[PDB]
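I have placed the structure first, in the form of structure tokens, so that the comments after it can refer back to it.
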Amino acid sequence: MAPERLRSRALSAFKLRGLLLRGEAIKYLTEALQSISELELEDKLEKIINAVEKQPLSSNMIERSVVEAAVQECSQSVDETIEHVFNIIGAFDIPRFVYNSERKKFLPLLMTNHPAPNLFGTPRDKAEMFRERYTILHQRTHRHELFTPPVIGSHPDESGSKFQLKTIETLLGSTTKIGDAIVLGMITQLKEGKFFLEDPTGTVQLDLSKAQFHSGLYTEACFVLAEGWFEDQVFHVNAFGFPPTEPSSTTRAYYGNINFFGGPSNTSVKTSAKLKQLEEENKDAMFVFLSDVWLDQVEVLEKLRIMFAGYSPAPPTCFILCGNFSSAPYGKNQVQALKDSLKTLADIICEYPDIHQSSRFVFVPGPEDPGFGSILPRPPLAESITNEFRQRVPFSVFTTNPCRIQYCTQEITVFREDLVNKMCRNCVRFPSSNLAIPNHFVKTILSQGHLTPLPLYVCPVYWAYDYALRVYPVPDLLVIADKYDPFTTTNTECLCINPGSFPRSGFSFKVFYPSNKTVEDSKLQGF
Amino acid sequence: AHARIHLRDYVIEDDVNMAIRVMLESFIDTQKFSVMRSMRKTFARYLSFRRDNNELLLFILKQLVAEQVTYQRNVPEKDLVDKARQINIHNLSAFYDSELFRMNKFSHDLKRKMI
Amino acid sequence: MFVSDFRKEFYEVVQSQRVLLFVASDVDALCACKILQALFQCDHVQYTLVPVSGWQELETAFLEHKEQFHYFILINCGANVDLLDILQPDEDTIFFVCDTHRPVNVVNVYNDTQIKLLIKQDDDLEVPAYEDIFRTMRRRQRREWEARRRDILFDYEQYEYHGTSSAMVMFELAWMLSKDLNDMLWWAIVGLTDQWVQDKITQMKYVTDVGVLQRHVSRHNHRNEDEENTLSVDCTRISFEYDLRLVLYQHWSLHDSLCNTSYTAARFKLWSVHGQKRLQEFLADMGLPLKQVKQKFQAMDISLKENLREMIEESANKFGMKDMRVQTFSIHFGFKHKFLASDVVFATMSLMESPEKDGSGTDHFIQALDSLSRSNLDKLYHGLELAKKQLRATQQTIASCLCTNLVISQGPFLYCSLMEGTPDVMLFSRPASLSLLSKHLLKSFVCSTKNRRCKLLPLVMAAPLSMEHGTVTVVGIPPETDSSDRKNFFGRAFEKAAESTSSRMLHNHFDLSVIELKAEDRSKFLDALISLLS
Amino acid sequence: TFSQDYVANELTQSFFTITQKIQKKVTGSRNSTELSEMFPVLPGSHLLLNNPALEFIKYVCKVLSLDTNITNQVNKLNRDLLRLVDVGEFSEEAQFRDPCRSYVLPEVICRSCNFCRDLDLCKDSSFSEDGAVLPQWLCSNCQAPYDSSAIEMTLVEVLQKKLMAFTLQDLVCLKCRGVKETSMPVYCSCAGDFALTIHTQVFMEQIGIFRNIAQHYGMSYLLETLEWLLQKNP
Amino acid sequence: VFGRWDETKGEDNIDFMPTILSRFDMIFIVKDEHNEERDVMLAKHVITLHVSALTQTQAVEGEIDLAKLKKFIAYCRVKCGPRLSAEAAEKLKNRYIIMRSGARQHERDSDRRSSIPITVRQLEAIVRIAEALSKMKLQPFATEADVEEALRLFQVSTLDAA
């Protein structure tokens, strides 16, 4: 085709749509379109212009990179992809949204006055953690059926389905011995035995002589609906309860499909037709999850060899190895032992090259593993430890703890901490045994909407990064890796699972199939 | 005001020293009699009771004379005041009315300008 | 090479081409740029215009633009250095150089293929012959030739100075093209008056160039007007004036202009407490009431304005000011707009050297360049206000320096320096305004002192540039005398002193007599200069 | 006692001469890219040392001002020599500061002698030993070394527990000076703002201490932890 | 009353009647608290200010000229009259009750009436302070943040009455 007419028509095609091409962009475009004639040229131009406009364009002027991506997408090249299909997101990479009350909308921080998060936070940020936790739970609470009736919704007035809400500052006043007060607030043992409630407006004593408590494991720093009456600067509790939990369908139906989970997608990955198709392109799309994988033990390494033997047929897309990787985490000794662990793991992986090229391997280190273990979100394992594994197994990613894994349209959260024991020791009211403890824990986590519903000295967190620990909206998987007990539970279209601790589960572990969201037990105890 | 007394169009360090002296001596006068010793030592040592600065000009003169005598053997007042206008010691008249250059056998004359 | 005919072998070449203008930030460069802009806009030449103010900036812009443009025009920059060495261009590029700086570098002179100079060959030029500059008993003869080479090159490169105005050169080109407008002639006049105001040229050369431009003014006036029937009042009318030396006296009160003109201020010593009484002696000799002198000139009584120039001249003669009148020009358009060439020079210069910390120096350049067009007359008036502020600050600084006696002899040259944080040191941080201040200050000093030897000395002046980098600007001024050639050696003296001292000198400005030093280097640098000038 | 004054006069002569000597020699040194580059760097170094005659004057006058109560002539020498350098008294640059960020690891135990002693990691003269720093880090009962590997790991552990102290610190209102009671407030009981009990600059100073320690002793794992800790900052 | 504010004497430092004190929307007890850092920076500012009496009266970044500020105040005064938003009024109501209870309990603990009262005039003072803050921005309504800044300013003026 004539280069001058091809250039003129391509420039005109972009110009009529209001787009300007730089010299490199138009040159590359003419080279890419040189093999096409008038039977296809204009349709090709319209298609690639649509591909350009789909991208996050910041200006009418187009660099060569944008048209490169557009024409490559027009030429496919996304067949059997891993990008857009499987992402591991570090906790520091999660977008920092903030809920604005006047707009009643989540805004990204670039659209606000909020500063960037950093470890050495201000005195304000320490309060901002709990203030934002209250804010998210507050906007969650007021959208429940407890909301006031509409305009003459009932001929007699109703008290918000008998669940009308108030804050602490409102009842510090004329409302003495009002028998129907309900307040959202944080439980605190602000004096020993003399518990208090707190919200962003103020504080008040809790007379919890009767608790009448709904199922859930109550601790200090838990936010609760305290139902009771007020007298003598004391809130006399009639009942305690958590705020009701939302499904992600409800949350995204209200706020739209914002990508709260993070990752490359601008929208929530749960709503995408192409990604819905790519999720099911492999009927046995599959992942494996383990924890406390003590590779400083020869026994763990040999049993891992047997597990690779067992999953040579139908290998996963990725193996997920949660942390506390060591029998003996005790410093320099374990730095060298983890180097040896990863050398031996690379040897084993090269002894199964089919699994090496078929599966990825990701690591979520625990609080006891070497490095900045004790404060969350933990950074990844030290790069000097990983370096040989980086070059010998490029099909692997050491990442933060917690980390967010996305597989196509589904949301997986991975977090290593022995939190059930922490929660039950910081318990305010010993729960009823009729519901199992992992169900109590999962209900508490989902209702509190946070991975660490405990005081800061119980769960040390970098203050400005506390949003990364937030469970909101509810994901597809809560992979809470914990010594306590391997388990599987579910609520609000999530499956909340624990792979246990591999040396103490008798070397049992978990398997997950996102194509049908099923979970299977690797019951390989005699392996 | 001190610059105005000297008919100066611009305030200099000597005027600032005088103002500081007036302020501090008045403040010391307002103290109890027992406290005046400690207060006076506190301000006098550190805060610029700048009485005189003869030693620098003495050794500047001695250095210039040593170099000049060494040069001669193998207008000195101009040589003296050149280094005095280079370094921030410009009020040279105190050095000439002080005994430090006199017992070192130096002397001055506005006509001959030899020292 | 020198261009022999601007029309054929420069303008008709670039007329067919895309061009890149590099322009220095000085009023003569701005006027030449305006003239060349108007020509290119008449002929639809696709030019790009880039301001520059130093060698680093010119190098950066050329590195940014070298791939796209082959034809370059440098206005008031590039002649006095080896452009091939500095810029490292491709051999197919061509550099036109309309630069007033002298002496022209011999490489630029004798580079035939690439460097073309838009410089009059009948300017004061003394280029050495090619065989003197470019290539056992034969070895001895070669070494003798090299000794001759270094001697003659030092004699050639010692003194720097300025030739004919670039604005005048561009207006000559416009006249040859027969596309010369009255506004182009005004820009030429302002370009010459920039050299005269900044004392870049001798009085004799200024009078000669004014004699040249008188003929052009007469031609433009008689192009469409005579003494019987005349043009509209809207049309621009340029008139030759044998006017007063006082600065901005038509926009000020006469008291302020007598206060802030460097000539009268230096004569009467108005920095001193006695100077106001001397000024009152002068005014009483003229018989002007003080309430009229301190009133704005446009509001002064016309009975006094009728013959003010003769009054000021004849009183100035007996008070010892021998050359109060100056040959110059003015432009009139509309009913109320009247400016002298010196007024436009000061307004544009104040706009360009404005002390405001807004945007960038290129932004201030853009405001100055816009002000030279009559569609942006408001910018010209704003520049006149900034000129009021600049001149007042200049006199305040001179009074401070002379009262506190910062100006001090150091043997073969006077030395002065401005300290950080003093009043209005920010206005003179920039090198060009600092050079102008140093000239005015030296005139005031030599008018003040009784020491006849000190009246003959040059001046070296320094001021802060960047506290974060710990640097000072330094400038060198020749002796201020009535019969000076306005040649100075401080470029080569600064270079040789810095080299002999291994000093951290950044030589970024186009005048070689303007430099940047790391501040602590100044002591050994000044000692080296003292030992060098001897 | 009174001989303080005699030596003070002798120094009034000699100190002048010596300052002139070093001033003219160091300012004329052509190898100086900047005079700040002239100074040696030890693991305790933090000050922006700039003008060697001035540092020399300051250190000399510090010891002279502390080895007698008769400081009058020392103060006069300060005035005279600072004016000879043409640098002002009462300025920040005229104030003495300790050139060494001294940092002590206490109670370090040695099995070669079964003895415990306190160890300063910034004080030592790393130029003269480098790899021999561990022999230089001897137990004072004997000359037996303390090792780099365990000390590096100890410094990282110190950083972990320190960062825990910062992250779990108390906060105090600038007006009602009690500690912040609850998580709710942005302003305290009165409308004053809150402030850190463990300020960020304490941790920047100690991070600089450990960074210079690791740089001068080649502690790469500590440098990994420190580089991450430095990156995630304002 | 005693020249300087004397903290030992408490309410005796004020001779103004409660009736006229109630009419002031905001009362500052601006004490001069000695501190070396503030004193050094203040003295440097003062001396540079005295030096800056010669520098052409140049303007400063992030600042409005006095004439422009005057004309802007006149424009905002004649043009904009704000009101309180409903939830902002609710917030101010609750905070007023807490403030009044605190003042009453302080007076009871001292067993002496405080010199500076806290009354409905102080409530309306907070209202019009919030409206002034909104009028600066030409907004028809005062937000919860405007009321928060008004409460902060009045809390400074109320710590000055503790």
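Order determines the names: the first chain of the structure tokens is A, the second B, and so forth; residues in each chain are numbered 1 upward, and ligands are numbered 1 upward as they are shown.
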
Name the residues in contact with residue C:280 at a cut-off of 12 Å, using only C-alpha atoms, excluding same-chain residues fewer than 4 positions from it; report them as a CSV table (one decimal) with N, CA, C and O atoms, in the first residue's frame.
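Below is the file that was written, around-v7.csv:
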chain,number,residue,atom,x,y,z
C,255,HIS,N,12.6,66.3,39.7
C,255,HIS,CA,13.4,66.0,40.9
C,255,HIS,C,13.8,64.6,41.0
C,255,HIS,O,15.0,64.3,41.2
C,258,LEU,N,16.6,63.9,38.2
C,258,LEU,CA,17.8,64.5,38.7
C,258,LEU,C,18.4,63.7,39.8
C,258,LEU,O,19.6,63.6,40.0
C,259,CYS,N,17.5,63.1,40.6
C,259,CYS,CA,18.0,62.3,41.8
C,259,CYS,C,18.7,61.0,41.3
C,259,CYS,O,19.7,60.6,41.8
C,268,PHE,N,26.5,65.7,41.6
C,268,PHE,CA,26.1,66.4,42.8
C,268,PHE,C,26.3,65.6,44.1
C,268,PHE,O,26.1,66.2,45.2
C,270,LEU,N,24.5,63.1,45.3
C,270,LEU,CA,23.2,63.0,46.0
C,270,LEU,C,23.1,61.9,47.0
C,270,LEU,O,22.2,61.9,47.8
C,274,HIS,N,25.2,66.4,51.8
C,274,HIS,CA,25.3,67.7,51.1
C,274,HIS,C,24.8,67.8,49.7
C,274,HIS,O,24.6,68.9,49.2
C,275,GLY,N,24.5,66.6,49.1
C,275,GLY,CA,24.1,66.6,47.7
C,275,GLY,C,22.8,67.3,47.4
C,275,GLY,O,22.6,67.9,46.3
C,276,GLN,N,21.8,67.1,48.3
C,276,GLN,CA,20.5,67.8,48.1
C,276,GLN,C,20.6,69.3,48.1
C,276,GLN,O,20.0,69.9,47.3
C,284,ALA,N,17.9,76.4,41.8
C,284,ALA,CA,17.7,77.8,42.0
C,284,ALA,C,18.4,78.6,40.9
C,284,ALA,O,18.0,79.7,40.5
C,285,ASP,N,19.6,78.1,40.4
C,285,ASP,CA,20.2,78.7,39.3
C,285,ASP,C,19.3,78.7,38.1
C,285,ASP,O,19.2,79.6,37.3
C,286,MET,N,18.6,77.5,37.8
C,286,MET,CA,17.6,77.5,36.8
C,286,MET,C,16.4,78.3,37.0
C,286,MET,O,15.7,78.7,36.1
C,287,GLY,N,16.1,78.6,38.3
C,287,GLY,CA,14.9,79.4,38.6
C,287,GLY,C,13.6,78.6,38.6
C,287,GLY,O,12.5,79.1,38.5
C,288,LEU,N,13.7,77.2,38.6
C,288,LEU,CA,12.5,76.4,38.6
C,288,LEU,C,11.9,76.3,40.0
C,288,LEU,O,12.7,76.0,40.9
C,289,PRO,N,10.6,76.6,40.2
C,289,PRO,CA,10.1,76.4,41.6
C,289,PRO,C,10.1,74.9,42.0
C,289,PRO,O,9.9,74.0,41.2
C,290,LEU,N,10.4,74.7,43.3
C,290,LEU,CA,10.6,73.3,43.7
C,290,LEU,C,9.2,72.6,43.7
C,290,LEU,O,9.2,71.4,43.4
C,293,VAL,N,9.2,71.3,40.2
C,293,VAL,CA,10.2,70.3,39.9
C,293,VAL,C,9.8,69.0,40.5
C,293,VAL,O,10.0,67.9,39.9
C,294,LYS,N,9.2,69.0,41.7
C,294,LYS,CA,8.7,67.8,42.4
C,294,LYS,C,7.3,67.3,41.9
C,294,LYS,O,6.9,66.3,42.3

May I have the residues within 12 Å of residue A:115 as a count of residues only, using only C-alpha atoms and disregarding those fewer than 6 positions away in the same chain? 13

Among chain D, which ones does DSSP assign to strand (DSSP E or B) (computed from the backbone)? Answer as number ranges by chain. D: 45, 100, 104-110, 115-120, 138, 145, 171-173, 179, 194-196

With chain D as the partner and 8 Å as the cut-off, tabulate the residues of chain E that qualify, each row holding the nearest pair of atoms and their distance in Å to one decimal, using only C-alpha atoms, sorted by chain and rising number, as a tab-separated table.
residue	atom	partner	partner_atom	distance
E:152	CA	D:191	CA	6.1
E:155	CA	D:191	CA	5.9
E:156	CA	D:191	CA	6.5
E:159	CA	D:190	CA	6.8

Same residues, N, CA and C atoms, saved as a PDB file, in the first residue's frame:
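The resulting file, result.pdb, is shown below:
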ATOM      1  N   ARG E 152     -12.946  24.612  67.078  1.00  0.00           N
ATOM      2  CA  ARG E 152     -11.532  24.651  67.439  1.00  0.00           C
ATOM      3  C   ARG E 152     -11.128  26.043  67.913  1.00  0.00           C
ATOM      4  N   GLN E 155     -12.650  26.691  71.178  1.00  0.00           N
ATOM      5  CA  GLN E 155     -11.999  25.891  72.210  1.00  0.00           C
ATOM      6  C   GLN E 155     -10.695  26.532  72.652  1.00  0.00           C
ATOM      7  N   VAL E 156      -9.970  27.144  71.714  1.00  0.00           N
ATOM      8  CA  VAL E 156      -8.828  27.973  72.096  1.00  0.00           C
ATOM      9  C   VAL E 156      -9.296  29.110  72.996  1.00  0.00           C
ATOM     10  N   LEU E 159     -10.341  27.271  76.458  1.00  0.00           N
ATOM     11  CA  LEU E 159      -9.179  26.964  77.286  1.00  0.00           C
ATOM     12  C   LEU E 159      -8.693  28.221  77.994  1.00  0.00           C
TER      13      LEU E 159
END

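For the pair atom CA of residue D:112 and atom CA of residue D:214, the separation is 25.3 Å.
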